[PDB]
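Colleague: This is the structure I have questions about; it appears just below.
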Amino acid sequence: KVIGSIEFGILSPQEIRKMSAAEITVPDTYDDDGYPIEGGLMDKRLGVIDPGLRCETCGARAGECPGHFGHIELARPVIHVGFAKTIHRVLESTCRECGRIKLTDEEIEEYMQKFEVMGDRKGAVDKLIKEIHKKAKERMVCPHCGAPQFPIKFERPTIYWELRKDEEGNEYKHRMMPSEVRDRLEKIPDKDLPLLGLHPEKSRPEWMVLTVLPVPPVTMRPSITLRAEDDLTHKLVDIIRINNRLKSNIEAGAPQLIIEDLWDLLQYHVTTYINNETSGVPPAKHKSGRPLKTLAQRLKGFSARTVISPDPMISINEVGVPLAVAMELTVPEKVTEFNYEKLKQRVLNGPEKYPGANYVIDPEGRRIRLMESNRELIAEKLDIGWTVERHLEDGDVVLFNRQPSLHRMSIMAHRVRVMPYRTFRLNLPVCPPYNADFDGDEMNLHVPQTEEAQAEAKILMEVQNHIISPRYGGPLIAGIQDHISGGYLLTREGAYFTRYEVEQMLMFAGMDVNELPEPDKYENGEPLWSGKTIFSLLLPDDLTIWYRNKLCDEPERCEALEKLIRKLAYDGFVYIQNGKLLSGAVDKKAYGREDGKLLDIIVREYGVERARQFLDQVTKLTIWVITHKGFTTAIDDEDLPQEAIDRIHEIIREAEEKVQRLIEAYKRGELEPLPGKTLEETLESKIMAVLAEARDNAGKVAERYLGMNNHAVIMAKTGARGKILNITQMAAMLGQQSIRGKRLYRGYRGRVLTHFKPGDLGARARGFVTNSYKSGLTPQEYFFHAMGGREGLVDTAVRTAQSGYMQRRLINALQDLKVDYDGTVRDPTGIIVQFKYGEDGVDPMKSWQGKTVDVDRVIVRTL
Amino acid sequence: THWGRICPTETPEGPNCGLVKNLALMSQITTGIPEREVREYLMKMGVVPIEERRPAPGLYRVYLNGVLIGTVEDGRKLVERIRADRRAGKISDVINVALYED
Amino acid sequence: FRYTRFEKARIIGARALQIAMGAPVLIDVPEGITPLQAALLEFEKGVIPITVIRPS
Amino acid sequence: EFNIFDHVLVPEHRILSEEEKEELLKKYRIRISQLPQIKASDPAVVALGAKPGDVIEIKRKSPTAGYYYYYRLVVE
Ligand SMILES: [Mg+2]
Ligand SMILES: [Mg+2]
Ligand SMILES: [Zn+2]
Ligand SMILES: [Zn+2]
């Protein structure tokens with residue numbers, strides 16, 4: 001009862017005459033300002049549009065009433081403009097008198113057999129189509145008409161010719177009539193059409209010459225009230241206007257020429273009806289100059305939104321929905337034996353309370369509005385089979401959306417948890433997939449209705465089912481910033497939590513009763529809890545994993561592994577054993593997105609219920625540690641003593657004179673040019689590298705004279721928004737300010753700013769800040785930084801154009817591709833684009849960082 | 001050239017970024033000055049009208065709003081003269097004279 | 001030996017829809033929720049009679 | 001002066017006999033016209049001497065599945 005296929009073709013006169021409701025003969029419209037009903041083009045058993053129901057037997061009032069087609073018996077045949085070039089390509093490729101494709105038996109036999117090998121590719125079938133055309137177009141001796149010399153054709157816009165013979169060496173051009181052409185196409189047998197671009201059953205050539213013109217229904221020609229008549233109707237009026245004149249002149253006297261003039265005129269009018277923007281055809285305009293837009297101009301030319309707020313106290317798959325939004329958005333629930341009581345209490349609570357309802361739909365289908373009247377007599381013998389539109393309940397399937405919708409991860413299924421106030425609450429680890437922050441970002445909320453839709457979203461789009469990103473073999477939903485810092489503090493060498501802290505705060509997670517909390521590792525200094533052990537209270541009793549932490553570098557790289565070929569004296573190489581955290585500290589390496597080593601493992605091995613649990617309980621774990629201990633950045637965190645200051649000062653002076661020596665050398669034409677680049681570019685390139693070298697060195701100096709064990713540094717080295725590239729900019733120096741590559745030059749005719757000497761190519765002159773954000777920028781530097789800062793604005797905002805467009809292109813190219821059940825990626829036209837997807841057939845969302853089953857890992861699993 | 005004319009930070013976000021900007025605190029816009037008193041004082045100080053000139057290389061070429069009125073004798077002489085004239089309050093402050101050097 | 005995600009979702013939806021339009025549910029007695037969760041619990045017990053005919 | 005042949009980015013091209021052809025087209029349940037295709041103008045085809053009707057069996061090293069065999073029809 002749904003659409004398998006659609007098979008296009010060309011309408012036969014018979015069809016148009018049979019599918020017609022009445023023969024249109026009177027060239028007129030409505031008329032006028034009162035009583036709009038005639039007997040030709042308007043509702044003469046054809047279609048309804050005014051508030052009056054009368055129609056073609058089907059009655060069917062103006063409301064809901066599919067339009068009926070009509071027809072026009074053309075007094076003479078008329079070439080269809082859309083087929084003109086095709087009709088031409090057909091005429092001079094086939095034989096008149098004959099009906100053959102002017103090809104030898106051999107040619108047909110091997111051509112058709114070369115035509116079946118291409119029977120699906122629309123692009124590659126035209127090459128052979130035109131090739132065939134030209135091969136027949138050159139011959140004049142067809143194998144099915146004793147050959148009678150074929151007068152080549154001419155064309156356009158809708159006229160045909162044939163340079164025949166009658167004299168001798170002459171080449172007069174016999175004119176071509178639609179009747180002649182059509183009756184000449186009617187000879188071409190069904191056997192030859194396949195060798196062309198036509199069908200014996202779907203698209204006969206003779207039908208390309210219209211003998212009957214199908215009239216669009218009333219519903220497709222609506223009148224645009226102020227009435228602004230429909231264009232189609234007007235042009236049609238002209239067409240019938242000439243058609244009737246023609247037929248009336250044929251029935252009477254026949255001076256031939258008269259009939260020819262009128263025939264060609266009719267031809268013009270139909271040509272315009274098909275396409276007003278045609279070539280060689282004067283656009284039929286309305287009395288204003290404004291061109292009529294016909295057919296070729298016709299087919300051409302439950303949610304919510306609000307601000308978002310964080311909530312690490314709700315489940316990762318849950319969504320906070322303001323109860324007001326919950327009272328507007330409703331769900332269709334058919335009353336059955338299990339919710340009979342609930343729904344009755346809901347509808348009785350009315351549109352008020354909190355668990356109420358707004359509408360009710362009885363089995364007949366009539367919607368009942370619970371506002372007016374009262375929830376009393378309305379909520380009676382409901383019986384099973386009705387339908388209540390109840391307000392959003394805690395747990396309902398709901399789609400959360402944030403635009404722009406880059407990857408699929410932008411729309412995820414959530415579980416409504418109705419809460420007051422007026423914002424959407426999003427659990428914090430689900431921020432990376434949405435790419436949302438908070439400053440002012442707003443998101444969309446969708447409420448699906450049909451049970452199939454809700455289920456489908458709940459089974460396939462639920463948050464927990466998409467912790468890992470399909471782009472790369474790793475988790476997308478994880479720790480963000482505090483989760484990282486909290487994981488570090490919780491898993492530190494000196495992590496000793498008094499009973500008060502452990503006991504009271506484990507309630508942010510769960511899991512204790514008996515052999516979980518036990519037993520207090522340290523009673524040395526005092527009876528206390530080691531953080532490693534408290535963290536250990538979550539991981540299952542069989543995951544043994546080991547991977548170097550972020551600090552496993554520099555001369556602190558080391559190693560000292562030891563395989564099994566128990567004490568504890570390790571730190572870097574994080575070692576977790578059956579839930580027990582032996583060594584290591586939690587950071588960007590341990591948790592967080594992008595990574596690919598722990599959160600990854602617990603989702604492959606134990607994917608749905610466990611993964612969400614480990615995620616959910618960890619945030620609240622890590623958060624309370626951070627909160628109860630105190631975590632801040634002060635202003636002294638970036639301060640360096642006088643010693644580092646004097647050192648940096650001497651460094652920037654050195655770099656300055658390095659640049660001057662380069663300039664003084666350039667002035668005297670002391671050559672020394674770089675190999676590839678131009679001389680002027682050599683100077684610039686050498687300076688930029690010289691200054692960049694000095695910049696990194698200044699930053700290297702900065703990381704020494706600053707305590708590496710205070711809060712700020714932890715964040716840099718840990719895994720909560722960090723980058724040595726920015727640290728150098730905050731304390732040491734920002735560096736060279738550039739504009740689309742080259743240095744800052746665009747200014748006055750002789751310099752950048754009016755504070756330097758004309759031609760000064762010095763360090764400070766061509767835009768180089770020496771001071772960082774701490775020490776403060778000078779008037780010049782502040783301006784230079786602004787000139788260089790405009791880059792990020794323009795660049796980042798411009799990239800969107802190419803990203804969006806490029807993606808939109810490749811999306812509109814691959815959107816059809818699926819994995820067939822035989823494990824094969826095939827285009828929608830049955831073309832094996834890839835025997836077994838991705839060569840191996842392993843979904844990138846389910847592979848171990850590209851590897852088709854991480855073999856080294858599976859083997860180790862032997863305990 | 002925006003230094004002291006356009007705000008380096010005041011820029012609306014979006015496609016309007018860079019196109020539309022704001023006037024600096026330290027910035028005035030020219031009022032109106034009829035070319036009469038201008039021309040008159042100009043010639044009167046040594047500008048040699050075009051109705052005569054060759055000029056090139058008259059070692060000079062003077063312009064008024066793109067209109068080459070004429071030439072004088074020494075360049076720095078004219079620029080310093082008109083400038084100091086303006087500083088003495090003898091001529092309107094809205095008159096600017098620039099000596100391009102090439 | 002198992003189902004694919006899409007097949008699971010499809011089946012669940014189908015059963016839930018069957019339950020909505022009437023059609024007694026297999027072993028469930030003490031519950032108190034929508035047809036969806038009914039089909040969901042029914043699936044957790046592997047009693048959903050809906051079979052996926054795979055083209056092979 | 002040597003040759004191309006299984007070199008830089010060139011996989012093991014082979015020609016199919018009627019047997020493996022029919023069987024292969026039977027396995028994937030597809031017609032002759034549904035395969036990716038090569039041209040007779042393709043250098044790797046003229047080197048191996050392929051005719052407009054052959055189905056080249058291509059063996060390439062894949063950094064994911066290791067060894068993969070593709071198939072294509074020689075055309076123009
Ligand atoms: Mg953000
Ligand atoms: Mg934001
Ligand atoms: Zn009707
Ligand atoms: Zn013939």
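To be explicit about the labels: the chains of the structure tokens are called A, B, and onward in the order shown, and within each one the residues are counted from 1, while ligands get numbers from 1 in the order they are shown.
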Kindly assemble as JSON lines a list of the chain A residues that lie within 12 Å of ligand 1, each paired with its nearest atom pair and their distance in Å to one decimal, using only C-alpha atoms and all ligand atoms, sorted first by chain and then by ascending residue number.
Modeller:
```
{"residue": "A:428", "atom": "CA", "partner": "ligand 1", "partner_atom_place_in_ligand_line": "1 (Mg)", "distance": 11.3}
{"residue": "A:430", "atom": "CA", "partner": "ligand 1", "partner_atom_place_in_ligand_line": "1 (Mg)", "distance": 11.9}
{"residue": "A:431", "atom": "CA", "partner": "ligand 1", "partner_atom_place_in_ligand_line": "1 (Mg)", "distance": 8.1}
{"residue": "A:432", "atom": "CA", "partner": "ligand 1", "partner_atom_place_in_ligand_line": "1 (Mg)", "distance": 8.3}
{"residue": "A:433", "atom": "CA", "partner": "ligand 1", "partner_atom_place_in_ligand_line": "1 (Mg)", "distance": 11.1}
{"residue": "A:434", "atom": "CA", "partner": "ligand 1", "partner_atom_place_in_ligand_line": "1 (Mg)", "distance": 9.7}
{"residue": "A:435", "atom": "CA", "partner": "ligand 1", "partner_atom_place_in_ligand_line": "1 (Mg)", "distance": 6.4}
{"residue": "A:436", "atom": "CA", "partner": "ligand 1", "partner_atom_place_in_ligand_line": "1 (Mg)", "distance": 5.5}
{"residue": "A:437", "atom": "CA", "partner": "ligand 1", "partner_atom_place_in_ligand_line": "1 (Mg)", "distance": 3.9}
{"residue": "A:438", "atom": "CA", "partner": "ligand 1", "partner_atom_place_in_ligand_line": "1 (Mg)", "distance": 7.1}
{"residue": "A:439", "atom": "CA", "partner": "ligand 1", "partner_atom_place_in_ligand_line": "1 (Mg)", "distance": 8.4}
{"residue": "A:440", "atom": "CA", "partner": "ligand 1", "partner_atom_place_in_ligand_line": "1 (Mg)", "distance": 10.5}
{"residue": "A:441", "atom": "CA", "partner": "ligand 1", "partner_atom_place_in_ligand_line": "1 (Mg)", "distance": 9.2}
{"residue": "A:480", "atom": "CA", "partner": "ligand 1", "partner_atom_place_in_ligand_line": "1 (Mg)", "distance": 10.2}
{"residue": "A:481", "atom": "CA", "partner": "ligand 1", "partner_atom_place_in_ligand_line": "1 (Mg)", "distance": 11.1}
{"residue": "A:721", "atom": "CA", "partner": "ligand 1", "partner_atom_place_in_ligand_line": "1 (Mg)", "distance": 10.6}
```
Colleague: Can you work out which residues are within 7 Å of ligand 3, considering only C-alpha atoms and all ligand atoms, and then hand them over as number ranges by chain?
Modeller: A: 46-48, 55-56, 58-60, 65-68
Colleague: Please report as an NGL selection string which residues of chain B come no farther than 12 Å from chain A, using only C-alpha atoms.
Modeller: :B and (1-4 or 6-19 or 100-102)
Colleague: At a cut-off of 12 Å, using only C-alpha atoms, what residues contact residue 53 of chain C? Leave out same-chain residues fewer than 3 positions from it and give the result as a list in words.
Modeller: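 After dropping sequence-adjacent residues, the list is residues 821 of chain A; 3, 7, 11, 50 and 56 of chain C.
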Colleague: Next, the residues of the selection above should be written as a PDB file, in the first residue's frame with N, CA, C and O atoms.
Modeller:
```pdb
ATOM      1  N   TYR A 821      22.517  -6.191   3.457  1.00  0.00           N
ATOM      2  CA  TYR A 821      22.559  -7.333   4.365  1.00  0.00           C
ATOM      3  C   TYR A 821      23.667  -8.325   4.035  1.00  0.00           C
ATOM      4  O   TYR A 821      24.107  -9.080   4.901  1.00  0.00           O
TER       5      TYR A 821
ATOM      6  N   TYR C   3      20.259 -10.157  17.013  1.00  0.00           N
ATOM      7  CA  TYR C   3      19.654  -9.115  16.194  1.00  0.00           C
ATOM      8  C   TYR C   3      20.606  -7.933  16.046  1.00  0.00           C
ATOM      9  O   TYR C   3      21.511  -7.749  16.858  1.00  0.00           O
ATOM     10  N   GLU C   7      17.065  -3.694  13.909  1.00  0.00           N
ATOM     11  CA  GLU C   7      16.054  -4.737  14.026  1.00  0.00           C
ATOM     12  C   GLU C   7      15.419  -4.735  15.416  1.00  0.00           C
ATOM     13  O   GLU C   7      14.210  -4.908  15.553  1.00  0.00           O
ATOM     14  N   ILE C  11      11.498  -3.982  16.026  1.00  0.00           N
ATOM     15  CA  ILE C  11      10.653  -4.965  16.702  1.00  0.00           C
ATOM     16  C   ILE C  11       9.959  -4.374  17.924  1.00  0.00           C
ATOM     17  O   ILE C  11       8.744  -4.509  18.083  1.00  0.00           O
ATOM     18  N   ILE C  50       7.742 -11.283  17.504  1.00  0.00           N
ATOM     19  CA  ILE C  50       8.115 -10.649  16.244  1.00  0.00           C
ATOM     20  C   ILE C  50       9.472 -11.134  15.733  1.00  0.00           C
ATOM     21  O   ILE C  50      10.494 -10.983  16.405  1.00  0.00           O
ATOM     22  N   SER C  56      18.385 -13.517   2.712  1.00  0.00           N
ATOM     23  CA  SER C  56      19.610 -14.269   2.467  1.00  0.00           C
ATOM     24  C   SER C  56      19.309 -15.659   1.914  1.00  0.00           C
ATOM     25  O   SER C  56      18.589 -15.798   0.926  1.00  0.00           O
TER      26      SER C  56
END
```
Colleague: Rounded to one decimal, what separation in Å do you get between atom CA of residue 172 of chain A and atom CA of residue 152 of chain A?
Modeller: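 These two atoms are separated by 11.1 Å.
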Colleague: I need the residues of chain B that end up classed as helix (DSSP H, G or I) by DSSP on the backbone, written out as a PyMOL selection string.
Modeller: chain B and resi 35-45+75-87
Colleague: Write as a PyMOL selection string the residues around ligand 4, taking 8 Å as the cut-off and counting only C-alpha atoms and all ligand atoms.
Modeller: chain A and resi 94-100+102+141-148
Colleague: Could you name the residues that touch residue 42 of chain B at 10 Å or less, counting only C-alpha atoms, but leaving out those on the same chain fewer than 2 positions away, as a count of residues only?
Modeller: 17
